[PDB]
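In the block that follows, a single chain appears as structure tokens, in the form solved without glutathione (GSH).
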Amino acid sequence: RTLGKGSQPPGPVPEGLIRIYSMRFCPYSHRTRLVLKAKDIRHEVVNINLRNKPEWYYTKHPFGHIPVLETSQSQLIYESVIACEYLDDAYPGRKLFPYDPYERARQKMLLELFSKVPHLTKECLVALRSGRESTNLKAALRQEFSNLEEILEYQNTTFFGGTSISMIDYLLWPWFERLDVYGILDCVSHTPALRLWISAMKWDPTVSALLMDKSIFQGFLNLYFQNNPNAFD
């Protein structure tokens, strides 16, 4: 249940735990939650009301952004990519980034290639939900997906880092999970390797464990676009 304006600050993070400040429908926070689960890290999730934030939350992030990690030593780490990096380095078990410094750099280069997708998927949703023109936004998204399709086809591997899932896949996933409910699943109709990747991801135990309830997510979006503040509670 989300904490907002009026909520008491949480206590210190206990030794042996790490805390993530999140919101159940935030795709950036979804990234970091995937990495936490995939590495079997003991953690607690504190959800934040993004419309009416707790004033104390600005002591966690100066602009009240999520996700933020808080450690038992009162250290704050943000935002999603830096947090995922930290978790992979700080918790030795099941390394998600590659062993090879070049391959790690390549994954970060792939992440840069992906940089327009979050904005484009969001703008697609807003356009479709507001009845505004979406042809250009979908065309732009299809082009970014073609760039990713070319990588998978060239490599001839199911995932972006090889035959097994790795950090880069989890970093991209949240926006692909959302294509269906956003009404833009048709934007991968020209990219068969990407469609295989989507399925491969759904079969991943960590992805499967964190899959959103589609009906609840639709309910959230409906109240969000009604400007109803209760959408964030």
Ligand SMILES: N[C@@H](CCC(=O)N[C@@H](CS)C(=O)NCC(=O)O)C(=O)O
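A residue's number is simply how far along the shown sequence it sits, counting from 1.
Chemist: Of the two stretches 15 to 23 and 221 to 229, which shows the higher Cα B-factor on average in the entry?
Modeler: Mean CA B-factor is higher for 221 to 229.
Chemist: Between 193 to 201 and 161 to 169, which has the larger average Cα B-factor in the PDB entry?
Modeler: Higher mean C-alpha B-factor in the PDB entry: 161 to 169.
Chemist: Please pick out which of 115, 147, 71, 136 has the largest Cα B-factor as recorded in the entry.
Modeler: Spelled out: the listed residue with the top C-alpha B-factor is 136.
Chemist: Among 87, 140, 124, 151, which residue carries the highest C-alpha B-factor recorded in the PDB entry?
Modeler: That would be 124.
Chemist: Once the chain's modelled residues are ordered by C-alpha B factor and cut into thirds, is residue 97 in the lowest, middle or highest one?
Modeler: According to the entry, residue 97 has a C-alpha B-factor in the chain's middle third.
Chemist: Using only modelled residues of the chain, where does the Cα B factor of residue 181 rank: lowest third, middle third or highest third?
Modeler: For residue 181, the deposited C-alpha B-factor lands in the highest third.
Chemist: Can you tell me which third, lowest, middle or highest, the CA B-factor of residue 32 falls into for its chain?
Modeler: Tercile = lowest for this residue's CA B-factor.
Chemist: How does residue 130 rank on Cα B-factor within its chain, lowest, middle or highest third?
Modeler: It belongs to the highest third of the chain when residues are ordered by C-alpha B-factor.
Chemist: Can you tell me whether residue 208 has a C-alpha B-factor in the lowest, middle or highest third compared with the other modelled residues of the same chain?
Modeler: Middle third of the chain for residue 208's C-alpha B-factor.
Another form exists, solved in complex with glutathione (GSH); not displayed. Remarks below refer to it.
Chemist: If we take glutathione (GSH) as it sits in the entry with it bound and superpose the C-alphas round its site onto this chain, is the site open or blocked, where blocked means 3 or more ligand atoms come within 2.4 Å of a backbone or C-beta atom?
Modeler: The pocket is open.
Chemist: Does any part of residue 65 reach within 4.5 Å of glutathione (GSH) in the entry with it bound? Heavy atoms only, please.
Modeler: Yes, residue 65 sits close enough to glutathione (GSH) in the entry with it bound that at least one of its heavy atoms falls within 4.5 Å.
Chemist: Considering non-hydrogen atoms and a 4.5 Å limit, does glutathione (GSH) approach residue 183 in the entry with it bound?
Modeler: Outside the cut-off, so no.
Chemist: Flag residue 179 as yes or no: does it have a non-hydrogen atom within 4.5 angstroms of any non-hydrogen atom of glutathione (GSH) in the entry with it bound?
Modeler: So residue 179 does not count as contacting glutathione (GSH).
Chemist: Any of the heavy atoms of residue 121 lying within 4.5 Å of glutathione (GSH) in the entry with it bound?
Modeler: Because no heavy atom of residue 121 falls inside 4.5 Å of glutathione (GSH) in the entry with it bound, the answer is no.
Chemist: Under a 4.5 angstroms heavy atom criterion, identify the one residue in 41, 193, 200, 50 near glutathione (GSH) in the entry with it bound.
Modeler: After the contact test, the surviving option is 50.
Chemist: From the list 149, 79, 85, 103, which entry has a heavy atom within 4.5 Å of glutathione (GSH) in the entry with it bound?
Modeler: The residue in contact is 79.
Chemist: Could you tell me which stretch in 162 to 170, 201 to 209, 25 to 33, 185 to 193 has residues with non-hydrogen atoms within 4.5 Å of glutathione (GSH) in the entry with it bound?
Modeler: Every other range fails; the passing one is 25 to 33.
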